[PDB]
Each structure stands twice: as C-alpha cells, then as structure tokens.
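Protein chains in written order, with the numbering used here: chain A, 439 to 519; chain B, 43 to 115; chain C, 185 to 322; chain D, 17 to 85; chain E, 19 to 92; chain F, 145 to 305; chain G, 1072 to 1801; chain H, 640 to 713. Heads up, the beta-carbon is just placed ideally off N, CA and C, and yes, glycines get one too. Written out below as structure tokens is the structure these notes cover.
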Amino acid sequence: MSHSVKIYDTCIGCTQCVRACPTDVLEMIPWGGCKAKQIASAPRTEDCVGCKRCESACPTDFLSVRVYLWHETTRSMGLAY
Amino acid sequence: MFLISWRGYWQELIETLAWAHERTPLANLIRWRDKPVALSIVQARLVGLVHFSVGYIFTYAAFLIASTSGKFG
Amino acid sequence: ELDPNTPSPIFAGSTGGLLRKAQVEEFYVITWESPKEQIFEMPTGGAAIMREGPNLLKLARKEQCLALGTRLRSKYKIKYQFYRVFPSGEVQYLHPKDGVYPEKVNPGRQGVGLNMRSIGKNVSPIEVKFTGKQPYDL
Amino acid sequence: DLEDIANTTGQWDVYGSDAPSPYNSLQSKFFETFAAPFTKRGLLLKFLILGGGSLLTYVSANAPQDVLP
Amino acid sequence: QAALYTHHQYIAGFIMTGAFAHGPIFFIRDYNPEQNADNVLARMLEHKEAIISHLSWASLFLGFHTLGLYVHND
Amino acid sequence: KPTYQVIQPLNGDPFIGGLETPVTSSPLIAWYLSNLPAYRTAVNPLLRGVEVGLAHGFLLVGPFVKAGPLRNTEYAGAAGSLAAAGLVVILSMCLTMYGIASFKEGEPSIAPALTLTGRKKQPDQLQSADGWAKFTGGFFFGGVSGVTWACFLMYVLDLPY
Amino acid sequence: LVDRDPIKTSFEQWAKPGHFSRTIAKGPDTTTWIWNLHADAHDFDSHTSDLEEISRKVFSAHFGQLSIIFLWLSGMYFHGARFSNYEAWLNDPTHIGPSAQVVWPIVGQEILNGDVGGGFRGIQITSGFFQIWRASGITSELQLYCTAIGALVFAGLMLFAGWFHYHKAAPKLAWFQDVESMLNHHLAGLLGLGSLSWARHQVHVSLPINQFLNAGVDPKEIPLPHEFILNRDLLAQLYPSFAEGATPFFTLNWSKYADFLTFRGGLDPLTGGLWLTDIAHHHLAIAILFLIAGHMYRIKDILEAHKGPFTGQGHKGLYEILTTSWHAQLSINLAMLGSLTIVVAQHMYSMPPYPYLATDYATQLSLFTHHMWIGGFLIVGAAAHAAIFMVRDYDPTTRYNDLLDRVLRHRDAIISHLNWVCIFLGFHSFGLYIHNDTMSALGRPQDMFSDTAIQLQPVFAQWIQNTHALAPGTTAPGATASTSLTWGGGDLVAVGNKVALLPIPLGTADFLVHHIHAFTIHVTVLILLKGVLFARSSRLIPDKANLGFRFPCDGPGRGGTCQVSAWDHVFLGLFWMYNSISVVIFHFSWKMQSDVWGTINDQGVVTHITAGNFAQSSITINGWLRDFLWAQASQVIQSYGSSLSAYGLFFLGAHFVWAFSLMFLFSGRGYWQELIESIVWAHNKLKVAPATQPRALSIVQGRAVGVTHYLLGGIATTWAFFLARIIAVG
Amino acid sequence: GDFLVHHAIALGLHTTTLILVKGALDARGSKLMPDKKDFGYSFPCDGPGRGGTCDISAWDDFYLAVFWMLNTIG
Ligand code: CLA
Ligand code: CLA
Ligand code: CLA
Ligand SMILES: CC(=CC=C/C(C)=C/C=C/C=C(C)/C=C/C=C(C)/C=C/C1=C(C)CCCC1(C)C)/C=C/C1=C(C)CCCC1(C)C
Ligand SMILES: CC(=CC=C/C(C)=C/C=C/C=C(C)\C=C\C=C(C)\C=C\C1=C(C)CCCC1(C)C)/C=C/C1=C(C)CCCC1(C)C
Ligand code: SF4
Ligand code: SF4
Ligand code: SF4
C-alpha cells in the first residue's frame, strides 16, 4: 500500500522456502534474533507488479497477499503500453 | 463473457491488439490518453450481472405484457 | 540503427519487444557474461545466440528481463545484470546498488513488516475515520 | 570479369531518403484565409456546435406536410 | 395488475440483498470487537459456524425433497 | 542488390518489431505515401487538410445515396449531399476535440524551407495545437464541399453488373 | 518408490499411501488427490522423465479401444439380430420404422416400447445399422449372431495384444523411433487391403443379393449361406464370367458390354441409396491407390528441401522431434481425423451411400449431427494437444530457428490479423440479421435484406452448383443426373414412399447463415490459435512456462492475470465450438425440411414437412424460434405418455444439467471452502468429519465441471429436441 | 400444485440467505482467509495456492447472492 499484502510469517528463513517473484523482494535483513535470522516482509516495493507467487511457497501463516494495492501504476501492470 | 472470461485472456490479446496502431500507417502518432486494458477482476463479475439482470428482467418485462394483453387469459 | 552499430545479443526480426512506450517513458535493459557460442530461449517468443561484447540486450519492461535467470540460470553463470535506462540518464540504479543476489546481508534498506500492530487479532477493523493528525500515513 | 559488372550504375545508391519527388501542387494560398473561420480558429467550435448542429436538425426535423414516418 | 406486483417483487428482492450487503460492510469498515463483546451482536459472530449449517441443512433438505417431487411427478 | 535490402529486421536493431517485410517498406509502396503526412510533414497540416477533407469527401455518397435508408432516391436532394454533409460535420469536431490531446502553444510558420529538414525527433508529437487546427479546418472545407462535386456531378453511371 | 525397487519383489504394490510427485500424497490426508488420480491419470511429466515406456503404454492402452469398439458393435449386431425387427423390416421397408432395443416392463417402463414395424413393441433407432446391414449377401437373424461373436472374437484376442504388450516386457525406441516405414504398410494394404478386400464381398455376394431384392421376395427365397462360390453362374445376371478377355488389358471386344461398374451417379427408383453397380468400382479405384501409394519410401529428404526467401528455412528440419513428440503427432491428426469426419457429414446427406436413407430422414441426420460433433470435438482437442506440445514434450530446446521459431517471431501478428477479421465478420455476420428485426419490427420491407427486397431477383443459380449438375458434358463421360442430385440442373422423380434429395436452392437465407459460420468458425480458432501460440511465454507473463499448460491463473496482479494459460484457451474454445456445431446443426434440418424432405403424391405435387417457411423468415433470427425452436419442439413438449417420451423426459433434465453448469462455471473457490467448513464444523460436533481433509474444487477442476456439463447439458437437450421431430411426421 | 412452488419459494430465501448470512457472517475472515480485512468488502480475488482462493470477498457472495434473489423473485 501502495503495495500492501502481508506474507510475513515468523521464520523468514529463505532456504527451501521462497524466492520467486519478479524483482520485488530484496530481503535477508537479519532482525536481532529469529532462528535462521532473516526477517520482515519486503524491501523497497515500488518496482514490480502483483503476484501472490509471493507466498504460494514459504509461509505467511495467516493470509498471503494477492492484488491489494489499488493505487496502481502501470509499470505496475505490464500495460502501460 | 463477463462470467466465463476472467480478465487474463482479454488483456493479453489486447497486448497483441495494441501492437497494431503503433505498427500501422494512417493510424500512428495518434495517441490514446488512456492505456488500453481489460476489465478489473471484480468489475466483470459485476458487468456480467448488471447485464445478466436487465436481459433477464427486461425479458419477463416484455414476456408477461406481451401476453397478458392478448390473452386469452 | 547502423552508422553506430554496437550490438551483442543476436536475434534477427520479431514483433515481440520494445515499442512506442519505451521512448516517451522509461526503458529497462539486461546485460550478462557467457562462455562459448550458445543458443538461447528468449522473452517475446523467438530465439537466437551469444559469444559476447557487452552482451547487452534491451528490454521493454523489467519483469521481462530477469526471466533471463528463471531459465538463464539453468544454463550456467554468475553474472547477469539489468539496469534502468531513461530518455535522459538516472536515479533508479536498478541492479547496480549494493551487493547482489536477493538472499545475503550488507544493509536493510526498506521493507519493515508490521504496519502499526502485527498480524495479531486484527478482528479490530479499520480504526479512526482518516483524519489529518494520527499516524496512519504508512 | 564481365559479370563483375561494377554494379551497372551504383545509383548513388540510396537515391536518398533523398529526393524522389518535388512536392505539393502550387494550389495553396488559393485558400489562404479562403475559408477562414477554422482559419480564425482563435477561440471557436463552440459556435459551430450550436450553429451547424441546429441546422442539421432544426429544419432537418420539422417538415411542412409529413411524407411521414 | 400483473406488471406491478413484480416491479415490487423485483426491487424488494433487489433490496433484501442490499440490506444483507450493508450489514456485511458494518462488520468491516465500521464494527469494533473490543467495544461490542460478550455483547449480543458478538456471540452472533462467535457462535457462527452453526448459523450457516442449520441454514444449509434447510436448503439441502428443501433441495432434493422438492426435486424428488417434480421429476417423479414428471 | 542483395537477398532483400542488406537483409534487415527494422531500419536496424531487431528488438523493436515492425519486422520490415514488404507491405511495410518496399520502395514500391513507401513512396506511394509521402507528399502526405507519412514520412515527413511537407508544408504544415494546413493544406493537406482539404486533399484529405475532399478525397474522403466525395466518398460517402452512393454509400448513403445508393445504400440510403429508403434507397435509390427520387429526391433532387440525394445522389449527393442530402444529409451526409453530416458525417464530415459529426467528425469535423470528432477531430477538434482530439486536438485537445494536443495543446503545446506556438507560431513559427516553417512551411517555407530552410536546411534539409528531418524535423529530427519528428516522431512522437512535435505538432502543436496550432497546426491540428489548420488541418481539421482544412477538413471541414474538404468534407463539406467534397460532398458536392459528388452531388453536383450529374451521374452517368454504369454498371453493371 | 522406494519400495523395493530392485530386484527383490514380484510382490506387487497393493498398500502404502500414494504416488504422483514427491512430497506426494503425503501421509497427511486430503481429497483433492482423488480428482487428481483420475484427471491427468494419463499425462507424462511423471511415470518417468524418459520417453521409452510412454509410447510402450500408448500402443497398449490404445488397443483396449479397438477391443471395446469390439465389445461394443457386438451388442448392436446382437441386438440388431435376436431383438429382431431387421428380418421384419427388410421384406418390408418404406413401411417399418426400425427397432433393436426394448425395455423389460419394470416399474413405469413400457411406455418407451411402442409399435415399430414387423409387429412388435420397442424403442426406435437413428443409428443406421439395418442399413449397412442391407449388405448381407445372405440375410438371417442368428447369422448376425455370428458376425456378432466374430466381434467378441476380435476382442479377448485384440485385447490380449495389450497384455501382449506393456505388461509383457515391451518393445523399445527404435521400434517406433524408427518411423521409417509406418504409413508404408498402413495406406498400402488395409487402407488398400480393405476397400480392396471390401470390393471382394461388395459384388461377389452383396450387389447380386440386392440386385434381385430391389423387387420383392422374402429372403431364403433368395441368398443361401454358400451359393456364392465357383458357381459363377448367378454372377451371370450382373455380367460375364469374362467370356473371352483374360486379366483386363486390350485385345478385348465389346459389341455389347463393359463389366459391372458401368458408372451411375444418381439414385435407384425403388431404393434411392445411390447405385451399387458403382460402389464396387469406387472402392476398387481407391485401394489401387494405397496399393500404389503405401510404397514409399524408406524421411527428411522431402521436407529437407523446398525453402525460399520469406518461406520456411526450418521447413527443412521440420522436426527431428516428429519421431519424438506424440502430443505433437496427436494434435496433428485430430485436426485431420476430426476435420476429416465432418466432411462426411455432407457427402452423406447430399449423396447417400446406403440403401434406404433420406426417405429414412431421421436415420441419417442424427448421423449428420453425431458425425458433426466429432469433426469439432476432435478439433479443439487438435489444438489443446498442440498447446501440450508448445509448452512441453521435448527435453531441452534442440529444435531451433525454424518454421516455428519463425511463426512465433510474428505472433502478436498472425493473431493481430484474424482478430479484426472477426469484428468485420460479426458486424457483417450477425447484426446483419438484427437489422431485419429492428427494421421489420420497425417494418418497412422495402429495405430489409429479404431474399427479395435488397437486390437479388428470383434467381441464385449462376455460380458453381449450376456448373456441377450439368458437368456430365465435359471431359466428363456422364451417367444420368450428376454426382449429387441436390445440384441445380435436371431431374426430379426421386422415391415412392416420401422424398429424398432435389436441387436445394440458395441466395440470401443461405447466403448469410453461410457467413455466420465464417465468423463462428473464425473467432473459434482465434482463441485456440492465440492460445496455443502464446503457450509458454508473453508480455503479460514471461516466467510463464514454469508449471504446465494448465495452471489456474498466474495471480491477481498485472490487472487480471487469470484466464491466460491454454487449458483455458481450450476451455473457452470448447465454449464457442459448442455453438460452431450447435448452430450448423440448427442450419441443416431447418433447410432440409423447410425444403427437400416433404413429399410426393399425384402430379408429384411436392409437400415439404414445411412449405418453404425459410423463405423470408430465418432472415429474422426470431423466425429462428418463430419458425424453429417454438415451431418444432412442440413435438418435444407434446411427447409425454407415448413411446419416445424418453426424449421429452430427458429434455427437462439435461435442459437442467446445463442450467447447473453455470454454478460450476460462474463461481469463486475459497467460497465453497468458506462454506465447506461451516459444514465441517457441524460435522465435528457429532464427531463425524475430519479424516480425509474435505476440500473444495481445484480452481481448474471447477472449470472442468463447468464446460463438460454445459455441453452434456446444452447438447442432449437437442439430441432430444431432434429425435421427436423426425420420428412422427418428418 | 401450490404445495410445491410454495416449498420452492421457501428453498430460495434460505439458500439466498445462507449465502448472504454467510457472505456477511465473515467479511471479517476465516481459516482460508483469516485476516480478510481493513477493506473487507470488494477485494475480489486472491492469489492461487493456499487451497486456491477466489470470489471470497463478502461482495462476491453478495455478487453470488444476487443470482438466487434473481431465482426466487422468479
Ligand atoms: C437504497 C439504497 C442504498 C444506498 C443509500 C446505498 C449506498 C451505498 N452503497 Mg449500496 N447497494 C444497495 C442499496 C443502497 N446503497 C443495494 C440494494 C445493493 C444491492 C442490492 C447495493 C450494493 C452495493 C455495493 C456492492 C456497493 C455499494 C456501495 C454503496 C456505497 C457507495 C455507492 C456506490 O458504490 O455507487 C456508485 C455506483 C455508480 C455511480 C453507478 C455504477 C453502478 C452500476 C452497478 C449500475 C447498476 C445497474 C444499472 C441500473 C444498469 C444500467 C442501466 C441500463 C438501463 C443502461 C454507498 C454507501 C459500495 C460500498 O461502499 O460498499 C463498500 C459497494 O460496495 N452498494
Ligand atoms: C439449477 C441448478 C443448479 C443446481 C441443481 C444447483 C444446486 C445447488 N446450489 Mg446452486 N447455483 C446455480 C445452479 C444450480 N445450483 C447457479 C446458476 C448459480 C449462480 C451462478 C448458483 C449459485 C449458488 C450458491 C451461492 C449456492 C448454491 C447452492 C446450491 C445448493 C443448495 C442446496 C440445495 O438447493 O439442495 C441440494 C441440491 C439439489 C436439489 C440439486 C440436485 C443435487 C443432487 C440431487 C444430485 C443428483 C444425484 C444424481 C442421482 C447422481 C448423478 C451424479 C452422477 C453419479 C451421474 C444446491 C446443490 C448453495 C449451497 O452450497 O448449499 C449448501 C449456495 O452456495 N448455488
Ligand atoms: C487422440 C486423443 C485423445 C487422447 C488419446 C487424449 C489423451 C490425453 N489427453 Mg486429451 N483431449 C482430446 C483427445 C485425446 N486426448 C480432445 C478431443 C480434447 C478436446 C476436449 C482433449 C482436451 C484435453 C485436455 C484439456 C487435457 C487433456 C489431457 C490428456 C491427457 C490426460 C488423460 C486423462 O487423464 O483422461 C482424462 C479423462 C478423465 C479424467 C475422465 C473424465 C471424463 C468426463 C469429463 C466425462 C465426459 C462426459 C461424458 C458424457 C460422461 C460419461 C457419461 C455420464 C453422464 C454417465 C492424455 C495424454 C490433459 C493433460 O493434462 O495432459 C497431460 C488435459 O487435461 N486432453
Ligand atoms: C490378413 C489378410 C488380410 C486382409 C484383409 C484386411 C486386413 C482387410 C482390412 C480392411 C480394413 C477395413 C475395411 C477397415 C475398416 C474400418 C472400419 C470399418 C471403421 C469404421 C469407422 C469409422 C468410419 C471411423 C471410426 C468408427 C468406425 C470404426 C465405425 C490376408 C493376408 C494374406 C496373406 C498374407 C496370405 C495370402 C492371402 C492374403 C490375404 C494376401
Ligand atoms: C433428482 C435425481 C436425478 C435427476 C436427474 C436429472 C434431473 C437429470 C439427469 C441427467 C443425467 C444425464 C443427462 C446423464 C446422461 C446421459 C447420457 C446417456 C447422455 C448421452 C448423450 C450423448 C451420447 C452425448 C451427448 C448427447 C446425449 C446427452 C444424448 C435423483 C435424485 C435422487 C434422490 C432423490 C436421492 C437418492 C439418489 C437419487 C435417486 C439420484
Ligand atoms: S515466511 Fe516467506 S519469505 Fe516470509 S520469512 Fe519465510 S519464506 Fe521468508
Ligand atoms: S508477491 Fe508481490 S511483491 Fe511479491 S513478487 Fe509478487 S508481486 Fe511482487
Ligand atoms: S484464480 Fe482467482 S484469483 Fe486467482 S486468479 Fe484467478 S482468479 Fe484470480
């Protein structure tokens, strides 16, 4: 929000867990203690489109994201062209 | 359509169908001011409906009348 | 173009990539290394070859030009590299910045993950009515 | 080498983007302002959409003795 | 008399829905679990899984039992 | 000389589409189209206006004088103008309020010639509103008018058929 | 898997949860995998990453079709035998109205069983045995009762060839992965040696045993069970024992003959099923070719050859992988097999090949729409399976820069055109009709599009029809009539019960249906074409070959990102074709009865099932339920309490089942979840649910249970609508 | 004749409302979508995976509702 879908979980470990999703997610930002110690929910999200490929894999244990962003550029949908 | 169509298929051939103009003479430069797209993923659940409905409600409309009027009853 | 002909990523024709909206706005382009002359797969449907130069193909939009990876790393190579071209220069230094390979640690940059309160009992709906004085612009 | 014909006239070649017709018939400024009022276009169109379109429809619908629907 | 019972049957049905549809918006934009609880609008939420079931049990019954009687009859 | 030009996808780089085949860029065609607003903007849009207005003008006659709503007319105001001196008018401001997607507000006058043009970045726009006027103004006097040496021309006709 | 692989157990795998991708069906319980298992049961991305077997399965689990087609047919020959009516009907055709099936009078049943001919209670037929069966250079009920077990013979055996594959330790690669000969064989001697062999048992025996049937008798007052050997003495009536000729060639004299054949064209007065005196010659004249033809050849060579400038460099090399595909060499086939079935559906009705058809109306249109839905249900397929290619089949990308890599090169292109094609059609191809309504309901005919208002004038004629029935005066030899009696020029006299075929006139109301077909055939194909083409990659998703050719929809983003894929292009392309065929049918019978079918009496004053109501009145698309749907169908909704009744009595269900599809077609998915739990809750209180985690339908399963229903609904609806307006007047 | 339609107008507002009751009785969320909120109503769609998730906004049940209000009221 403008890209606000929560995939968070609690492990935020990313080995045999989740990577998939065009650019958007440059994480591994180890918070001071969370097991395989890499955490949070995103990096700078003003770049790419609206997947839920975002979970599909590696837990969000609650929801999982999808489209919810509304304010929606174009670069933010393939088609501005 | 709206109802068994689902934005994906529509948008994509509009991706090919907006390679026309841009690539065809006597219809170049000629700019849209709104970027050709396919209907939102809630919007068309509505529109098929708000469409399903008039048809439907405009059919009994004309059905009953068109036969309670003649009759015989 | 030709009088300047500086190419790298072989192709021939195609009604696929780049068209009007990559001048009038933004540009997007990927670059890479490679060993010896190899035939690839391509975004936009087609398919060609490699060898070198910069190995610098230009690409319509950046979801398009990382898929060299989603297969173009099932075909050897550390190094592949896409930036952002404008119609004039910079800010948005795309695969530039710091480190690379989304899954390491130098800094933390953005992200956060929480909103105000965390995933916990937001059976609590939408709170205040949106009013210019209580920290809900984030 | 006979069929090496030194490209029987090179051409130059590439004609051009250069220059394969002069231009547009001299008929022009034989309309100079002739028909202006879209050549006085300096604020108009609102005028021609009451006017023109009240006389493609005023008399255009009315008629003195039907020849009906 | 017969294109006038119905523009009042359409609508009327057409309402009801919208009725039922702004009382599933209260629960999201407005509503306030900490401010309503033990409280009988809650409990209505809380003891909800039954509510749709002892509803769905009506339909499924009201389903095949109307439809035995009408094919059988055909 | 070659297999077909120095063999090329586009002017040059093959990462733009166009797939320059014939029907695209054969000197056979690309010259049948550039006294007009194909590659280069001759004089201003001013004059092109009426060869455009007019040519497209005396069309739309037998379309709506031989396929007219109750057709083959015995009314001296048809086999020509009749109404259709409506289309040109319903569309001679179908245009003007598209030249409101052009503003860019100037007055240079460069329909006279200087140094072998290019108009350079001539692509994209680079035709302001005070251009698109003198064209869609050429349009009206090309549409309405181009409708009458249709009409005015008696009609000797064949076919057919 | 893992289990015992080895070498170390005959002991078969009955017991231990799962199999089919690898954090498989997991220990942990669920339901989805029970539609999994049946769906995709046949598939190949699992079983093994290695060709080999698969062709070793498909050549077996193939087999069990033939065997089946073979258990089937038996119960049809048996059926078309001792549940008789065939004996009865044949001495007595023009008269009967055939049966094979009959109930048993349990519960309500019997109404379904209603006097059909040679004196018995039963349910009719629109499946023209009793008419292949004319054949029987023999006749006899117990006889078909041999042809019948002759059937079960081929089966058990042509079904133990399927034991005698996969399960037996199998052939391999070379065997098919040398293709070199295959069609060499197939077309030469079977294609040939059948048509050939069929010749020999198509004048020998059949011709004579209906040469003197087309008159009277009661069988066995004709055609013994052996009689037709060496005895070349009854072959005496139907030409020479060659008299003085020896193995054709020329030093032959005809002062008065020219062997059987003596080419016909037209229609027996007394049995207008087209002449048989021909039917030998044409099958003979086939086989030869096949006989000569199946004698190529060995492959590339011929395709590794003709290229050009813009043409197909890759033409040359058009697939090593056409010995390494299937999914490819199936999809090609379906387009042909399929497209080569509904070409039947014409040459049939405008050229009957069996004795008593046309007169038999309903027993060859059933046909012309059954055959019609395969020459379509097999074509969308013929696309699906190409999509299945286009996505996956090969190992890597070894296939390169060719005819395809070409076509794709353009792709936002071949489908860029085709599109506008359709909206040009549609506007010229349907709103065309809508004019009429809007202006005939406005009402000013002066200006409709009538076969008479918009300029066309009491003739259609001058085109090519009129240079077909009239061509027996070219290089043409001749033979009274034409080729297909339905052509412009000459002749009338066809049949002495009811009618058969005659000219079939055109212009408009033939002009424009013929065009709706265009636009219908076209936009069908758009969606399959662009569907299979954009199979794997795109500028809505390029990371888009990453699972399979199905996948639900990529994800809420990009705007829509739902339908895409190509399971689904082969989901909305069925959706059309159901029309494509469903309106072509609608066409034929409304013609074929509005004109043609109808009837002679004195001065043969013709009396169609309908005095051409078509005329001015299909042109209105209401006329299409004024004159059709509301006109005919009055036999469906009158049909209660009768004998056929099972149609009207279907026509409500299946005219229900369709109106159940929409629920499967039109709805979400975490919906029936969100619902399936409320349920699951009430379940747990009594202690009655959890085990086998009950789950809603697999996004695309859901679409699977659309579509399939929408068709078996929307279709048998007319299958009923029909048989109910040809049985009984017509 | 009336002891059926009269049970089939009864199978309408019941079914129509198991869906509206339901539609409503969690625009809030549930197991498949737990935290279904801050926007509740028309968020139509969600990503594939979890079980496969769709017309599971309280709007799209409203959306879905309006077919039976168009089948009772008929
Ligand atoms: C009698 C009144 C009543 C009132 C006072 C409101 C008031 C409101 N409704 Mg609402 N609603 C009602 C009845 C009412 N509703 C009923 C009966 C239904 C269904 C039975 C709904 C279903 C509904 C939905 C889904 C939503 C609202 C929403 C809203 C809010 C925004 C309105 C909006 O989105 O319109 C803007 C609409 C337009 C400007 C026009 C587009 C509407 C389309 C669908 C046309 C509909 C059919 C049309 C007549 C056919 C075309 C005509 C043809 C002859 C050409 C507002 C609070 C929104 C909301 O805020 O919820 C979160 C939204 O979600 N309503
Ligand atoms: C005519 C229609 C068709 C049928 C048969 C149904 C039936 C049903 N719908 Mg439904 N629906 C439809 C079209 C249909 N819908 C359409 C077009 C839409 C909108 C696009 C919807 C939107 C909708 C919603 C929102 C809901 C339903 C629900 C239901 C169920 C409600 C319970 C009930 O009525 O009794 C039960 C069912 C029947 C009387 C139908 C017959 C089912 C049995 C008798 C099958 C026959 C068995 C047969 C002998 C074996 C054949 C199978 C095979 C072995 C050959 C019911 C299964 C609701 C529900 O889930 O209830 C819990 C609710 O979710 N529908
Ligand atoms: C030569 C042809 C033929 C063959 C051998 C195949 C073979 C195959 N197809 Mg295929 N296909 C064909 C023609 C053929 N197809 C045609 C004509 C079409 C167009 C419709 C398709 C459309 C198609 C699709 C979309 C898919 C396949 C897939 C497949 C593969 C999956 C097989 C499977 O599990 O069975 C599937 C059959 C069932 C699970 C049985 C269910 C049948 C139901 C729907 C009943 C039909 C209605 C009927 C009236 C019901 C019986 C009566 C009842 C009322 C009592 C397999 C390799 C699938 C794949 O993923 O590739 C690997 C993919 O799903 N095919
Ligand atoms: C073994 C044999 C044979 C044969 C023959 C044959 C081998 C024949 C066959 C034929 C085939 C056919 C004739 C086919 C048929 C088919 C059909 C009939 C089908 C039909 C159909 C269709 C149309 C499609 C689908 C469906 C159906 C199936 C119905 C023989 C051999 C031999 C030898 C060595 C020795 C000496 C003698 C001889 C003789 C020389
Ligand atoms: C209600 C019902 C039924 C209904 C039904 C209906 C209401 C409908 C149905 C339908 C079905 C179907 C329909 C199937 C089928 C089929 C067929 C056999 C087909 C065939 C065909 C072909 C071949 C192809 C196409 C065409 C046609 C379709 C013809 C039932 C109910 C019930 C109950 C009470 C409880 C218990 C169970 C039961 C007893 C069950
Ligand atoms: S839950 Fe997802 S991405 Fe989140 S922390 Fe784990 S894998 Fe990282
Ligand atoms: S889930 Fe969202 S952020 Fe993540 S990749 Fe997809 S679109 Fe990007
Ligand atoms: S599945 Fe549902 S959600 Fe997913 S994409 Fe399709 S529609 Fe959207």
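Positions along the segment 171-190 of chain F whose CB lies within less than 8 Å of some CB in chain B | Within the segment 171-190 of chain F, the qualifying residues are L177 and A182.
On the three-pair Cβ rule with 8 Å, is the segment 1161-1173 of chain G touching the segment 1195-1206 of chain G?
-> Short answer: they touch.
Any non-hydrogen atom of ligand 8 closer than 6 Å to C1624(G) Cβ = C1624(G): yes, Cβ under 6 Å from ligand 8.
Cβ of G262(F) less than 7 Å from any chain C Cβ?
-> No, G262(F) lies away from the interface with chain C (no Cβ there is under 7 Å from its Cβ).
Cβ-heavy atom distance, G1265(G) to ligand 4, below 6 Å | Ligand 4 approaches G1265(G) closely enough that one of its heavy atoms is under 6 Å from the residue's Cβ.
Hey, is the segment 1335-1349 of chain G in contact with the segment 1411-1426 of chain G, meaning 3+ C-beta pairs nearer than 8 Å?
-> In this structure the segment 1335-1349 of chain G lies against the segment 1411-1426 of chain G, because at least three pairs of beta carbons, one per stretch, are closer than 8 Å.
Give a yes or no on contact between the segment 81-88 of chain E and the segment 91-109 of chain B, applying the rule of three or more CB pairs nearer than 8 Å.
-> Result no; under three Cβ-Cβ pairs closer than 8 Å.
Buried or exposed (CB count within 10 angstroms, at least 16 for buried), residue 357(C) = The requested residue 357(C) does not occur in the structure, where chain C is confined to residues 185 to 322.
Quick one: is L270(F) near chain C, going by C-beta distance under 7 Å?
-> Nearest CB-CB separation between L270(F) and chain C: not below the 7 Å threshold.
Excluding sequence positions up to five away, which residues of its chain have a Cβ less than 7 Å from the Cβ of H1386(G)?
-> These residues qualify, in order along the chain: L1374, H1377, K1378 and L1474.
Ligand 5 site residues, beta-carbon cut 6 Å against heavy atoms | This criterion selects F82(E), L85(E), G86(E), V89(E), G1724(G), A1725(G), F1727(G), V1728(G), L1783(G), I1786(G), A1787(G) and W1790(G).
Give the straight-line distance between the Cα atoms of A244(C) and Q318(C), rounded to the nearest whole angstrom.
-> Going by C-alpha positions, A244(C) is about 42 Å away from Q318(C).
Taking a cut of 8 Å between CB atoms, which residues from the segment 1512-1525 of chain G lie near chain F?
-> Correct list: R1515, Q1517 and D1518.
Can you find at least 3 beta carbon pairs, one from the segment 1755-1767 of chain G and one from the segment 1629-1638 of chain G, that sit closer than 8 Å?
-> Touching, no.
Check the Cβ of residue 110(F) against every Cβ in chain D and list those closer than 8 Å, keeping chain order.
-> Limits of chain F in this structure are 145 at one end and 305 at the other, which puts residue 110(F) out of reach.
By the 10 Å Cβ neighbour count, where 16 or more other Cβ atoms means buried, how is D1349(G) classified, buried or exposed?
-> Buried: at least 16 other Cβ atoms inside 10 Å.
Please list the residues of the segment 1599-1612 of chain G that have a C-beta atom closer than 7 Å to any C-beta atom in chain C, keeping them in chain order.
-> If the cut-off is 7 Å between Cβ atoms, the segment 1599-1612 of chain G has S1608 and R1610 near chain C.
Of the residues that make up the segment 1474-1503 of chain G, which ones have a beta carbon closer than 7 Å to any beta carbon in chain C?
-> Closer than 7 Å at the C-beta level to chain C, one finds these residues of the segment 1474-1503 of chain G: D1476, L1479, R1480, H1481, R1482, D1483 and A1484.
Under 9 Å Cβ-Cβ, which residues of chain B neighbour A20(E)?
-> Against chain B, the beta carbon of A20(E) has neighbours under 9 Å at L106, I107 and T110, listed in chain order.
For ligand 2, is there a heavy atom less than 6 Å away from the beta-carbon of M34(E)?
-> No; taking the cut-off as 6 Å, the Cβ of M34(E) has no heavy atom of ligand 2 nearer than that.
Under the rule that 16 or more other beta-carbon atoms within 10 Å means buried, what is residue 120(B), buried or exposed?
-> Any question about residue 120(B) goes unanswered here, given that chain B covers just 43 to 115.
Beta-carbon neighbours of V307(C), restricted to chain H and to distances below 7 Å | Under the 7 Å cutoff, chain H gives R667.
In angstroms with no decimal places, state the Cα-to-Cα distance between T1678(G) and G1669(G).
-> Taking the straight line from one Cα to the other gives about 5 Å.
In the structure shown, what three-state DSSP assignment does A37(E) receive?
-> Assignment of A37(E) by DSSP, reduced to helix, strand and coil, places it in the helix class.
Backbone CA spacing between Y1310(G) and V1667(G) [nearest angstrom] | Between the alpha carbons of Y1310(G) and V1667(G) lies a distance of about 36 Å.
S1410(G) CB to nearest heavy atom of ligand 4 below 6 Å | At a cut-off of 6 Å, the beta-carbon of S1410(G) does not count as near ligand 4: no heavy atom of the ligand is closer than that.
As assigned by DSSP and simplified to three states, the class of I1403(G) = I1403(G): helix per DSSP, three-state reduction.
Contact test: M1734(G) Cβ vs ligand 2 heavy atom, cutoff 6 Å | Result yes, Cβ under 6 Å from ligand 2.
For ligand 2, any of its heavy atoms closer than 6 Å to the Cβ of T654(H)?
-> Yes, ligand 2 has a heavy atom inside 6 Å of this Cβ.
Terminal residues of the beta strand (DSSP E) in which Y242(F) lies | No beta strand (DSSP E) holds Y242(F); DSSP gives it neither H nor E.
Under 7 Å from the C-beta of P687(H): neighbouring residues of chain G | Chain order gives the chain G residues near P687(H) as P1623, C1624, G1626 and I1770, where near means a beta carbon separation below 7 Å.
Could you name the residues of chain H that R457(A) contacts, counting a contact when the two beta carbons are closer than 7 Å?
-> Under the 7 Å cutoff, chain H gives no residues; its nearest Cβ is about 15 Å from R457(A).
What are the start and end residues of each continuous beta strand (DSSP E) run of 3 or more residues lying completely inside the segment 1449-1482 of chain G, in chain order?
-> Runs found: none.
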